[PDB]
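Engineer: What follows is upload.cif; its format and atoms are mmCIF, C-alpha atoms.
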```
data_work
#
loop_
_atom_site.group_PDB
_atom_site.id
_atom_site.type_symbol
_atom_site.label_atom_id
_atom_site.label_comp_id
_atom_site.auth_asym_id
_atom_site.auth_seq_id
_atom_site.Cartn_x
_atom_site.Cartn_y
_atom_site.Cartn_z
ATOM 1 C CA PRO E 258 -29.315 34.598 88.377
ATOM 2 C CA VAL E 259 -28.316 30.976 87.831
ATOM 3 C CA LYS E 260 -29.732 27.968 86.019
ATOM 4 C CA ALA E 261 -30.977 26.076 89.005
ATOM 5 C CA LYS E 262 -33.401 23.253 88.411
ATOM 6 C CA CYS E 263 -36.182 24.294 90.732
ATOM 7 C CA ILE E 264 -38.078 21.636 92.498
ATOM 8 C CA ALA E 265 -41.014 22.270 90.272
ATOM 9 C CA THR E 266 -44.517 21.701 89.064
ATOM 10 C CA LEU E 267 -46.516 18.688 87.980
ATOM 11 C CA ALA E 268 -50.162 18.411 87.085
ATOM 12 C CA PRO E 269 -52.312 15.370 87.971
ATOM 13 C CA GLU E 270 -52.366 12.650 85.382
ATOM 14 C CA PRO E 271 -55.087 12.663 82.713
ATOM 15 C CA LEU E 272 -57.915 10.176 82.294
ATOM 16 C CA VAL E 273 -57.389 8.694 78.871
ATOM 17 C CA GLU E 274 -60.572 7.552 77.174
ATOM 18 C CA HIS E 275 -60.776 5.909 73.787
ATOM 19 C CA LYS E 276 -63.060 6.747 70.926
ATOM 20 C CA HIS E 277 -62.900 6.286 67.161
ATOM 21 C CA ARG E 278 -59.892 8.378 66.118
ATOM 22 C CA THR E 279 -60.769 10.640 69.021
ATOM 23 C CA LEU E 280 -59.402 11.166 72.520
ATOM 24 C CA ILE E 281 -62.032 12.053 75.011
ATOM 25 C CA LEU E 282 -60.079 13.214 78.028
ATOM 26 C CA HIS E 283 -61.858 13.878 81.268
ATOM 27 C CA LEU E 284 -59.339 16.164 82.911
ATOM 28 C CA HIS E 285 -58.934 17.595 86.338
ATOM 29 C CA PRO E 286 -55.921 19.744 87.246
ATOM 30 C CA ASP E 287 -54.615 21.317 90.426
ATOM 31 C CA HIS E 288 -53.859 24.695 88.893
ATOM 32 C CA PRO E 289 -54.160 26.403 85.489
ATOM 33 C CA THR E 290 -52.339 24.074 83.118
ATOM 34 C CA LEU E 291 -51.414 24.978 79.555
ATOM 35 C CA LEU E 292 -52.322 21.955 77.502
ATOM 36 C CA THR E 293 -51.287 21.717 73.892
ATOM 37 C CA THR E 294 -50.891 19.232 71.067
ATOM 38 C CA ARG E 295 -49.433 18.759 67.586
ATOM 39 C CA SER E 296 -51.312 16.741 64.993
ATOM 40 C CA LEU E 297 -48.222 15.326 63.368
ATOM 41 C CA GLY E 298 -49.459 15.656 59.828
ATOM 42 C CA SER E 299 -47.815 18.317 57.759
ATOM 43 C CA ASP E 300 -51.079 19.947 58.711
ATOM 44 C CA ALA E 301 -50.007 20.776 62.250
ATOM 45 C CA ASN E 302 -53.420 21.855 63.606
ATOM 46 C CA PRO E 303 -52.190 22.538 67.156
ATOM 47 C CA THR E 304 -54.242 23.653 70.125
ATOM 48 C CA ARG E 305 -53.509 25.666 73.248
ATOM 49 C CA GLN E 306 -55.660 26.290 76.279
ATOM 50 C CA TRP E 307 -54.871 26.970 79.888
ATOM 51 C CA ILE E 308 -57.030 24.594 81.902
ATOM 52 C CA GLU E 309 -57.794 25.338 85.524
ATOM 53 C CA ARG E 310 -61.392 24.246 85.577
ATOM 54 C CA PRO E 311 -61.781 20.466 85.165
ATOM 55 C CA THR E 312 -62.949 19.780 81.654
ATOM 56 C CA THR E 313 -63.699 16.853 79.414
ATOM 57 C CA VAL E 314 -62.013 17.775 76.128
ATOM 58 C CA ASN E 315 -61.685 16.192 72.708
ATOM 59 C CA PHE E 316 -58.998 15.763 70.076
ATOM 60 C CA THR E 317 -59.597 14.570 66.542
ATOM 61 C CA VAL E 318 -56.576 12.323 66.265
ATOM 62 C CA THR E 319 -55.530 11.425 62.752
ATOM 63 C CA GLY E 320 -54.124 8.235 61.319
ATOM 64 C CA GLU E 321 -50.439 8.933 61.782
ATOM 65 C CA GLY E 322 -50.504 10.257 65.332
ATOM 66 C CA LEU E 323 -50.956 13.051 67.834
ATOM 67 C CA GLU E 324 -49.001 14.160 70.884
ATOM 68 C CA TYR E 325 -50.283 15.430 74.176
ATOM 69 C CA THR E 326 -48.703 17.644 76.840
ATOM 70 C CA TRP E 327 -50.383 17.592 80.252
ATOM 71 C CA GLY E 328 -48.476 20.469 81.654
ATOM 72 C CA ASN E 329 -44.777 19.990 82.239
ATOM 73 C CA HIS E 330 -45.603 16.330 82.614
ATOM 74 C CA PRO E 331 -43.750 14.779 79.659
ATOM 75 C CA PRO E 332 -45.315 14.742 76.195
ATOM 76 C CA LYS E 333 -47.417 11.714 75.355
ATOM 77 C CA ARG E 334 -48.026 10.258 71.909
ATOM 78 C CA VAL E 335 -50.857 8.198 70.450
ATOM 79 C CA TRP E 336 -51.544 5.799 67.564
ATOM 80 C CA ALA E 337 -55.099 6.324 66.435
ATOM 81 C CA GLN E 338 -55.585 4.126 63.476
ATOM 82 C CA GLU E 339 -59.108 2.893 62.818
ATOM 83 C CA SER E 340 -61.584 1.712 65.328
ATOM 84 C CA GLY E 341 -64.716 1.674 63.128
ATOM 85 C CA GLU E 342 -64.192 -1.917 61.992
ATOM 86 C CA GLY P 151 -108.110 4.209 98.912
ATOM 87 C CA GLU P 152 -109.151 1.693 101.508
ATOM 88 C CA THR P 153 -107.264 2.879 104.606
ATOM 89 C CA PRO P 154 -109.330 4.383 107.420
ATOM 90 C CA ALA P 155 -107.893 6.230 110.383
ATOM 91 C CA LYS P 156 -110.307 6.221 113.321
ATOM 92 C CA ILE P 157 -108.582 8.994 115.250
ATOM 93 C CA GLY P 158 -111.166 11.276 116.785
ATOM 94 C CA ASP P 159 -114.547 9.770 115.960
ATOM 95 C CA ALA P 160 -114.757 9.853 112.162
ATOM 96 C CA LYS P 161 -113.611 7.160 109.764
ATOM 97 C CA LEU P 162 -112.020 8.607 106.649
ATOM 98 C CA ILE P 163 -110.738 7.041 103.445
ATOM 99 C CA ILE P 164 -108.422 8.992 101.201
ATOM 100 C CA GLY P 165 -107.198 8.670 97.656
ATOM 101 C CA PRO P 166 -105.539 7.111 95.777
ATOM 102 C CA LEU P 167 -104.582 10.426 94.267
ATOM 103 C CA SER P 168 -104.558 10.745 90.499
ATOM 104 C CA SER P 169 -101.436 12.934 90.383
ATOM 105 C CA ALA P 170 -98.714 10.319 90.531
ATOM 106 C CA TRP P 171 -95.848 12.740 89.854
ATOM 107 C CA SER P 172 -93.230 11.626 92.288
ATOM 108 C CA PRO P 173 -90.985 14.717 92.221
ATOM 109 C CA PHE P 174 -88.155 12.367 93.035
ATOM 110 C CA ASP P 175 -86.724 10.815 89.913
ATOM 111 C CA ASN P 176 -85.826 7.135 89.800
ATOM 112 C CA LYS P 177 -82.211 7.812 90.763
ATOM 113 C CA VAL P 178 -81.532 10.296 93.544
ATOM 114 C CA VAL P 179 -78.542 11.555 95.469
ATOM 115 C CA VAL P 180 -79.065 12.961 98.937
ATOM 116 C CA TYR P 181 -76.834 15.221 101.009
ATOM 117 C CA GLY P 182 -77.640 16.294 104.535
ATOM 118 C CA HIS P 183 -80.771 18.149 103.528
ATOM 119 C CA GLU P 184 -80.250 19.095 99.878
ATOM 120 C CA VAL P 185 -81.720 16.338 97.734
ATOM 121 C CA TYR P 186 -80.544 15.921 94.157
ATOM 122 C CA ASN P 187 -82.506 13.908 91.598
ATOM 123 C CA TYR P 188 -79.209 12.931 90.059
ATOM 124 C CA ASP P 189 -78.388 10.062 87.736
ATOM 125 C CA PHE P 190 -75.657 8.803 90.003
ATOM 126 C CA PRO P 191 -73.521 6.425 87.912
ATOM 127 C CA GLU P 192 -73.780 3.345 90.156
ATOM 128 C CA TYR P 193 -72.081 1.547 92.985
ATOM 129 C CA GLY P 194 -68.949 -0.103 91.744
ATOM 130 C CA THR P 195 -68.308 2.089 88.684
ATOM 131 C CA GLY P 196 -67.906 5.793 89.394
ATOM 132 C CA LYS P 197 -65.174 7.406 87.345
ATOM 133 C CA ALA P 198 -62.441 9.038 89.374
ATOM 134 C CA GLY P 199 -63.027 12.718 89.937
ATOM 135 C CA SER P 200 -66.614 12.250 88.901
#
```
Take the structure from the file and write it as structure tokens.
Structural biologist:
Amino acid sequence: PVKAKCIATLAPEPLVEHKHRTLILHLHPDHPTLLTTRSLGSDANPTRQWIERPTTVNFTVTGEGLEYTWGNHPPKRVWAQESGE
Amino acid sequence: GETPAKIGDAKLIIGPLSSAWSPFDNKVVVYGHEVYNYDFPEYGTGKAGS
């Protein structure tokens, strides 16, 4: 057994949607995709869920940031400061 | 309620009916034979996947 880099997986890109300190994400994979995040406060408040059924989800993003992992697609990151004026 | 139809020998005027429930909604999608009273988003807008 060797450390080959398999030609490997990739899940379709997400639909990013803005709200006030909140990411609505209409999402639509090919296969069951383990999504997960890390609210970068010292309060981690992570989430995990395999997604195979297309699902609009939500994420209470904080002031300092959140990150977002659409499958083995690379991890995203997001500034959600205010939007409530 | 003013239309006759002189087919046969009798002249007959019908309605207007009082029960104006169009079972169709305002917005409708249609597919082959199955009709869906769906709030289709619009031409020109529909979100991908949706």
Engineer: Compile the contact shell of residue 281 (chain E) as a PyMOL selection string: residues with an atom at most 7 Å away, counting all atoms listed in the file, same-chain residues fewer than 5 positions apart removed.
Structural biologist: chain E and resi 273-276+313-316
Engineer: Please return, as a PyMOL selection string, all residues of chain E lying within 12 Å of chain P when all atoms listed in the file are considered.
Structural biologist: chain E and resi 269-274+283-286+311-313
Engineer: What lies within 9 Å of residue 305 (chain E) using all atoms listed in the file, ignoring chain neighbours under 2 positions off, as a list in words?
Structural biologist: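 In the requested form, the answer reads residues 291, 292, 293, 294, 303 and 307 of chain E.
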Engineer: Can you turn the PyMOL selection byres ((chain P and resi 165-169) around 12) into a concrete residue list for this file, as a list in words?
Structural biologist: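 With the shown file as input, the PyMOL selection byres ((chain P and resi 165-169) around 12) matches residues 151, 152, 153, 154, 162, 163, 164, 170, 171, 172 and 173 of chain P.
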Engineer: Could you work out how far CA of residue 319 (chain E) lies from CA of residue 341 (chain E), giving the answer in Å with one decimal?
Structural biologist: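 Here the two named atoms are 13.4 Å from each other.
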Engineer: Just the number, please: distance in Å from CA of residue 329 (chain E) to CA of residue 259 (chain E), one decimal.
Structural biologist: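 Atom-to-atom, CA of residue 329 (chain E) and CA of residue 259 (chain E) are spaced 20.6 Å apart.
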Engineer: Tell me, in Å to one decimal, how far CA of residue 290 (chain E) is from CA of residue 265 (chain E).
Structural biologist: 13.5 Å
Engineer: Given the file above and the PyMOL selection byres ((chain E and resi 266) around 12), which residues are selected, and can you give them as a PyMOL selection string?
Structural biologist: chain E and resi 262-265+267-269+286-290+327-331
Engineer: Dig up all the protein and nucleic acid residues within 6 Å of (-82.2, 12.4, 88.3) in the file frame, using only C-alpha atoms, and format them as JSON, numbers by chain.
Structural biologist: {"P": [175, 177, 178, 187, 188, 189]}
Engineer: Please write as a list in words the full residue list that the PyMOL selection byres ((chain E and resi 339) around 9) yields on this file.
Structural biologist: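 Selected by the PyMOL selection byres ((chain E and resi 339) around 9) in this file: residues 277, 278, 320, 337, 338, 340, 341 and 342 of chain E.
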Engineer: Which is closer to residue 318 (chain E) than all the others in E:333, E:280, E:258, E:300, using all atoms listed in the file?
Structural biologist: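 Closest candidate: E:280.
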Engineer: Can you work out which one of E:261, E:295, E:308, E:282 has the shortest atom-to-atom distance to residue 332 (chain E), counting only C-alpha atoms?
Structural biologist: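 Ranking E:261, E:295, E:308, E:282 by distance to residue 332 (chain E), first place goes to E:295.
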Engineer: Could you put an axis-aligned box around every listed atom of region 170-177 of chain P, padded by 4 Å on each side, and send me its centre and edge lengths in Å to one decimal, as AutoDock Vina command-line options?
Structural biologist:
```
--center_x -90.5 --center_y 10.9 --center_z 91.4 --size_x 24.5 --size_y 15.6 --size_z 11.2
```
